[PDB]
């Protein structure tokens, strides 16, 4: 693994994640609908911007971002599933949180890799993204009645 391969893997992950955010946005039901429906728009924008920043950082270090759905599905470690039967709001937020934790943990691996390779800019970028992910994990775990690392 080198930095280019890591960033491209995250281009794929973030495209799967933003589509998942839309799935949750569209299908959610329950008393917290109005608040969490809007919250998903905030996350969609934020992680869409993460995705563009990752892709353009990859461009700037001489790489070539994945840029088709086929490539995203071939490379993403984030999982997706069609919405077939009704899920509770908690179940949807557990799927969201689980994907946030996955991104956190993979970003930590990219932070270590970019440090080893001496790519200070990419390292810094990933740290800033992790800071936001860690905050989201605390808040969505709190919604679920749980501690952030529980």
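Residue numbers count along the first chain shown, from 1.
S.K.: Test of understanding: from the entry's C-alpha B-factors, which stretch has the higher mean, 80-88 or 38-46?
M.R.: Between 80-88 and 38-46, it is 80-88.
S.K.: For the higher mean C-alpha B factor in the entry, choose 26-34 or 110-118.
M.R.: Comparing averages over the C-alpha atoms only gives 110-118.
S.K.: Using the B-factors in the PDB entry, rank residue 101's C-alpha atom against the chain and give the third, lowest, middle or highest.
M.R.: For residue 101, whose C-alpha B-factor we compare with every modelled residue in the chain, the answer is the middle third.
S.K.: Would you mind checking where the Cα B-factor of residue 124 ranks among the modelled residues of its chain, as the lowest, middle or highest third?
M.R.: Its C-alpha B-factor, which the entry lists for residue 124, ranks in the middle third among residues of this chain.
S.K.: Against its chain's modelled residues, does residue 56's Cα B factor rank lowest, middle or highest third?
M.R.: Ranked within chain, residue 56 CA B lands in the lowest tercile.
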